Amino acid sequence: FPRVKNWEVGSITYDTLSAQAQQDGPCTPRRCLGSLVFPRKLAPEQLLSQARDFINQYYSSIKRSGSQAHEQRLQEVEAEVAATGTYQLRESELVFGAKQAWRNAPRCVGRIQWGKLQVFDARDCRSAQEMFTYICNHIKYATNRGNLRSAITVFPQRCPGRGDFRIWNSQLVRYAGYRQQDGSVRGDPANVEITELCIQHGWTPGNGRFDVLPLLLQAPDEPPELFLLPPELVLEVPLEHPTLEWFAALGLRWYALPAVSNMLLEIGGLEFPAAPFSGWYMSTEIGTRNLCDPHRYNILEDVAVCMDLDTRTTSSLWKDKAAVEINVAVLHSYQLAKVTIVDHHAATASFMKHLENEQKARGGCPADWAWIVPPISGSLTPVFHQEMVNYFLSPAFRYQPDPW
Amino acid sequence: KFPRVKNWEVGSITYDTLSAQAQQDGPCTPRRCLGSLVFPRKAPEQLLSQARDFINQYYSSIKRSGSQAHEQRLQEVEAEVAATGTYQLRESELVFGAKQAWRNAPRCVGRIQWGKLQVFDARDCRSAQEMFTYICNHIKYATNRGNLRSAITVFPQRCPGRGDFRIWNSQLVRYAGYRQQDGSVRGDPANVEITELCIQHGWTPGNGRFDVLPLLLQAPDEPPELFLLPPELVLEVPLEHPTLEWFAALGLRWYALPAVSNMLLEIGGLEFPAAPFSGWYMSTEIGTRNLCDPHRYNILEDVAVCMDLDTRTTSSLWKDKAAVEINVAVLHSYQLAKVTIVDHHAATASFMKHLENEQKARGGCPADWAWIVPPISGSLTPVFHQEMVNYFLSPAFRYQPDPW
Ligand code: HEM
Ligand code: HEM
Ligand SMILES: Cc1cc(N)nc(CCc2cc(F)cc(CC[C@@H]3C[C@H](F)CN3C)c2)c1
Ligand SMILES: Cc1cc(N)nc(CCc2cc(F)cc(CC[C@@H]3C[C@H](F)CN3C)c2)c1
Ligand SMILES: C[C@H](O)[C@H](O)[C@H]1CNc2nc(N)[nH]c(=O)c2N1
Ligand SMILES: C[C@H](O)[C@H](O)[C@H]1CNc2nc(N)[nH]c(=O)c2N1
Ligand SMILES: [Cl-]
Ligand SMILES: [Cl-]
Ligand SMILES: [Gd]
Ligand SMILES: [Zn+2]
Ligand SMILES: [Zn+2]
């Protein structure tokens, strides 16, 4: 049982939940690989193992462990896999599993909200046109005219033989990225690859820096099909600053809905390669990483020039000053648009409360310090001084290979 | 089977082959990562194997591996460990071992400087009084009227028969911390323990916020003895802000010389419990950590209120704005006083150069991401997007328990 200390207050706890981890991480006594973005790289009796644990979890949480439906539901999954080699989740199990995978995500700082999650069950999906309608329902429900609500849509599970449902975009809303002889990029450099697949599959491109890409939706065994997103359905926020009048003229925008559409949801040994989930943004994601990363929109120096900052010496802290103002413009613009957003101080303080909750309830919480601490102003937030333990519990969201 | 390490800003990929030579083990397992823990860790034949590895390292660096001189040194050491249970370093080996310990320190962002280290050999020290003279000479040489120079003074090694030389103070320059009426702390709260000790040992305490502490110096098998630092030896910097003129009236100060004095230096199996070392400050250590940490001087809200920021809501980013200007004040003040200081942009850029040098020289570099990434503006610096591998090489600086 690892001892975990908070260096701001002096309080000590012990993480007993870590003792119950399975899927081993990347570290060994010889070396820690905690900072690696992808840990390492990405006969059916082991399906029954992960399923019996999950069903025991489910009846644990609804109190009804021992007797009744508990040691009843243990049998049909046994018989389902005995009969068919896989099994179907009950809808309440699918709901409970989706919430747990979120609760279990070590890199997610928004997990105080894990209990409020709307699960759309898309397991009877059959075509790519159907997926598109499901995705469009999700986006409409999640966006909710700017009053965002966490949501997940679970597409049919991976099957013995036969292909997989798959969204080729990394998120549901992505901006395009186009090159030149320059090798430079117009738009988002994170999305250069998928932008060229969209074109490779027939997308007439666009002119500028904020073109919402079309979706590539992959029904099982068939090639992807391009689906264009309705402009009515993609809520966006033009960026303005509350006091720097010229900021709006930079023409910056970002979208309302953060919806991750390329991770594999794993519940009770079943795999859902298409289960896009969405919540709402923390402002540093947009302001600091998407707009200021050198390999993203890289706008930092352009803003500093407009603020008349001394970009001729690092010790002026011109980068820090312009970055804060970009974050101020993000928070201001989303509030003025009445689009849900949370600043990194509010988010991290909520995550501390979540750590306290998870301590009482489960004896600890898997947390990835490098991802929980915000990318600006880290030590000004309470999670910086909190020691954390990182480990893998199931259900889980896992990374998966791109279908290329 | 060496870890692949990616830089996400640029797309670089390398493999850390040096990690495979890590000759001691840390707190992580495949089950769980403890990378974020502040304290991760906590006879003749194992002394011999450590000695042989270091001798091998020493003769590698002088392009004389395998020579007669190399093997005579190996056989000399084995003979000395057999006759006395220990051995003595040659002066050239001590200089090389001290530089290697800095080079090997995973939490140090200043390691581009590692080969430029002044080593004072104080292994002939006989008393606490001589120890004090050596320390004062170290402070004088390292400070160098504001043009700071990296240095380490090495006091006699641990040996069977006599107690250890120890410096009880955690740094050579520290400000007192006085518990108070309100139950509050006046001065530096990180230093209440050592402050209470000094008073026990006869120090007549002050009542200010920036009172420099005396040294408690322990000769073998002696109680610690109190030594006052001559005020003219301790170079200090009043803090002012280039454009916030009321900032100077806060009365804030910091000292020029960061000199860590409670770490143990390990070279070839030998242990030096007293070997204080010093460099120069990175500005975020002073501005962000020492002045803004809620458990330290905790000035952030006072500065924000003076700047007329809106401290009623976090979404105004008043904390970030106040902290940026505190860092500006530190950099301006130290430059104005002509005292060496490096900002976090310059320092992390030089660390990136260090990583590249080290990959060519040694096949990798041990680095603790959570300590290398600065506590403000993390993703604005290039180390943020660099994956790192943390592991323990010897020679090394290690933590040790407090002598009390
Ligand atoms: C409701 C408010 C939410 C907030 C404020 C939030 C915020 C964040 C942030 C800031 C990250 C780290 C990524 C980064 O900082 O660059 C993250 C990661 C993550 N979140 Fe949340 N999120 C929310 C909802 C959700 C939901 C609903 C789910 C799933 C059901 C989820 C699952 C995840 C996962 C799996 C990761 C890891 C991403 C990766 O490994 O690339 N989050 N979230
Ligand atoms: C010359 C300029 C130097 C700079 C700019 C520098 C910078 C730093 C910084 C910023 C940290 C982490 C402190 C923080 O929390 O912000 C650190 C840690 C450390 N430094 Fe350096 N340093 C320098 C010189 C040295 C020297 C000369 C030595 C030894 C000979 C050394 C050994 C270490 C060690 C062992 C640690 C880790 C301390 C711990 O684990 O608590 N440094 N350094
Ligand atoms: C629901 C939700 C709400 C919210 N506010 N944020 C998120 C996370 C957004 C995100 C942040 C990030 F920094 C990188 C990625 C994608 C790339 C990452 C990194 C690597 F490429 C593999 N991963 C997939 C995605 C989710
Ligand atoms: C030579 C030098 C130059 C420079 N510029 N900076 C430094 C770092 C100074 C420092 C920073 C820090 F963040 C923590 C500690 C000591 C405390 C650490 C943390 C925990 F309290 C126990 N350890 C002993 C010391 C050293
Ligand atoms: C709990 C957490 O790991 C701890 O507060 C660490 C984080 N990273 C740090 N990094 C540096 N350079 N200095 C520190 O004191 C800390 N504190
Ligand atoms: C190299 C480093 O581990 C990598 O850049 C990580 C660091 N922490 C991060 N944290 C978050 N939240 N998002 C990220 O993309 C990253 N990148
Ligand atoms: Cl994003
Ligand atoms: Cl310090
Ligand atoms: Gd002024
Ligand atoms: Zn680890
Ligand atoms: Zn701190």
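We name chains A, B, ... by the order of the sequence lines, and we start the count at 1 in each one.
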Quiz: residues 200-208 of chain A side-chain donor-acceptor pairs under 3.5 angstrom, not counting sequence neighbours:
{"from": "A/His201", "atom 1": "ND1", "to": "A/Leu197", "atom 2": "O", "distance (Å)": "2.9"}

Practice prompt. Show the numbers, then the answer: is there a salt bridge (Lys or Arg N to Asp or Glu O under 4.0 Å) between A/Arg312 and A/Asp310?
Written response: CA-CA 5 Å; A/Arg312 294 206 174 109; A/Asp310 187 355; 5.6 Å; no

Practice prompt. Just do the ring-ring contact (aromatic ring centres under 6.0 Å, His included) check on A/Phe155 and A/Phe272 with the steps written out, would you?
Written response: CA-CA 7 Å; A/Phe155 284 101; A/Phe272 304 84; over 10 Å; no

Worksheet item: Does the side chain to side chain contact (heavy atoms under 4.5 Å, CB included) test come out yes or no for A/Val303 and A/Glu301, once each step is laid out?
Response: CA-CA 5 Å; A/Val303 162; A/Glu301 192 159 37; over 6 Å; no

Item to complete: Could you check A/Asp320 against B/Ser377 for side chain to side chain donor-acceptor pair (under 3.5 Å), going step by step and ending with a plain yes or no?
Response: CA-CA 6 Å; A/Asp320 321 70; B/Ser377 296; 2.4 Å; yes

Item to complete: Give the C-alpha distance, both sets of side-chain angles, the deciding distance and a yes or no for side chain to side chain contact (heavy atoms under 4.5 Å, CB included) between A/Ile194 and A/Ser170.
Response: CA-CA 9 Å; A/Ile194 190 71; A/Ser170 62; over 6 Å; no

Discussion item. Working note: B/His385 + B/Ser379, criterion side chain to side chain donor-acceptor pair (under 3.5 Å); need CA distance, chi angles, decisive distance, verdict.
Written reply: CA-CA 7 Å; B/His385 320 281; B/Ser379 72; 5.4 Å; no

Item to complete: Begin from the C-alpha positions of A/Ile139 and A/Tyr141 and carry the test side chain to side chain contact (heavy atoms under 4.5 Å, CB included) through to its verdict.
Response: CA-CA 6 Å; A/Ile139 293 172; A/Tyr141 173 103; over 6 Å; no

Practice prompt. Using the side chain to side chain contact (heavy atoms under 4.5 Å, CB included) rule, take B/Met388 and B/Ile372 through it: C-alpha gap first, then chi angles, then the decisive distance, then the call.
Written response: CA-CA 10 Å; B/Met388 294 166 191; B/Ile372 295 300; 3.8 Å; yes

Item to complete: Could you walk me through whether A/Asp221 and A/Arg162 pass salt bridge (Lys or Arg N to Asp or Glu O under 4.0 Å), step by step?
Response: CA-CA 7 Å; A/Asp221 284 305; A/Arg162 147 223 183 272; 6.0 Å; no

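Judged purely by atom type and a 3.5 angstrom limit, A/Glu285 uses its side chain to pair as donor or acceptor with the backbone of A/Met282. A distance-only check finds no donor-acceptor pair linking the side chain of A/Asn144 to the backbone of A/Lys140 [under 3.5 Å]. Between the side chain of A/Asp343 and the main chain of A/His345, a donor-acceptor pair closer than 3.5 Å is present. Side-chain N or O atoms of A/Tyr297 include one that pairs as donor or acceptor with a backbone N or O of A/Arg209 at under 3.5 Å. B/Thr17 contributes a side-chain N or O that, together with a main-chain N or O of B/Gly363, makes up a donor-acceptor pair within less than 3.5 Å. With A/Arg149 contributing its side chain and A/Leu117 its backbone, the two residues share no donor-acceptor pair below 3.5 Å. When atom types are taken as modelled, the side chain of A/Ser333 and the backbone of A/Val237 share no donor-acceptor pair closer than 3.5 angstrom. A side-chain donor-acceptor contact under 3.5 Å links A/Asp188 to the backbone of A/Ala190. Not a single donor-acceptor pair under 3.5 Å links the side chain of A/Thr348 to the backbone N or O of A/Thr381. No donor-acceptor distance shorter than 3.5 angstrom exists from the side chain of B/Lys321 to the backbone of A/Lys321, with no hydrogens or angles considered.
A/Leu235 meets the side-chain contact (heavy atoms from CB on, under 4.5 Å) test with A/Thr143, A/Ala256, A/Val339; sequence neighbours excluded. Annotation: ring-ring contact (aromatic ring centres under 6.0 Å, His included) contacts of A/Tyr175 (sequence neighbours excluded): A/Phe210, A/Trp254, A/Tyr255. Every ring-ring contact (aromatic ring centres under 6.0 Å, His included) that B/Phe384 has, sequence neighbours left out, goes to B/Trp369. Residues forming a side-chain hydrogen bond (donor to acceptor under 3.5 Å, both in side chains) with A/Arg111 (at least two apart in sequence, or on another chain): none. With sequence neighbours left out, the side-chain contact (heavy atoms from CB on, under 4.5 Å) criterion links B/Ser12 to B/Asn7, B/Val10.
Here the straight-line distance linking atom CZ of A/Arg103 with atom CG of A/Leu393 works out to 9.5 Å at 0.5 Å rounding. The CG atom of A/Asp302 sits 9.0 Å away from the CG atom of A/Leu300 when rounded to the nearest 0.5 Å.
For the 3.5 Å distance criterion, the side chains of A/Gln118 and A/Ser150 fail to qualify, holding no donor opposite an acceptor. With hydrogens and angles left out, the side-chain atoms of A/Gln400 and A/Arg166 include a donor and acceptor closer than 3.5 Å. Side-chain N/O atoms of A/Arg174 and A/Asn169 include no donor and acceptor closer than 3.5 Å. For A/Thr284 and A/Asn327, the side-chain atoms include no donor-acceptor pair closer than 3.5 Å.
Heavy-atom minimum distance, A/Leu213 versus A/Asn191: CD1-CB, 4.1 Å. Of all the heavy atoms in A/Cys198 and A/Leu216, the pair that sits closest is SG-CD1, 3.4 Å. Minimum heavy-atom separation, A/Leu33 to B/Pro3: CD2-CB, 3.8 Å. Across every non-hydrogen atom of A/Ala151 and A/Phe120, the tightest pair is CB-CE1, 4.1 Å. Across all their heavy atoms, A/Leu233 and A/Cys136 have their closest contact at CD2-O, 3.5 Å. Taking each heavy atom of A/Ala346 and A/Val342 in turn, the nearest pair found is CB-CG2, 3.6 Å.
The ring-ring contact (aromatic ring centres under 6.0 Å, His included) test with A/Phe397 is passed by exactly one of A/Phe392, A/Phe277, A/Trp102: A/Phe277.
Counting non-hydrogen atoms of other residues, nucleotides and ligands closer than 6.0 Å to NZ of A/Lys338 gives a total of 12 or fewer. Heavy-atom contacts from other residues, nucleotides or ligands closer than 6.0 Å to CZ of A/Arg179 number 12 or fewer. Heavy-atom contacts from other residues, nucleotides or ligands closer than 6.0 Å to CZ of A/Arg123 number more than 12. Enclosure of atom CZ in A/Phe227 by more than 12 non-hydrogen atoms of other residues, nucleotides or ligands within 6.0 angstrom is indicated. The neighbour count for A/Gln22 CD, taken as heavy atoms of other residues, nucleotides or ligands under 6.0 Å away, does not exceed 12. The number of heavy atoms from other shown groups lying within 6.0 Å of CG (A/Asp182) is above 12.
Judged by the 6.0 Å and 45° rule, B/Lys6 forms a cation-pi pair with B/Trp8.
For A/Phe351 and A/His354, the distance between ring centers is under 6.0 angstrom. Centroid-to-centroid, the aromatic rings of A/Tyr399 and A/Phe38 come within less than 6.0 Å.
When side chains are defined from C-beta on, A/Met307 counts as touching A/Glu325, because their heavy atoms get closer than 4.5 Å.
A salt bridge links A/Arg398 with A/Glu271: the distance from a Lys NZ or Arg NE/NH1/NH2 to an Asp or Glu carboxylate oxygen falls below 4.0 Å.
In this pair, A/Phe96 and A/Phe54 present their aromatic rings tilted. The plane angle is within the 30 to 60° band.
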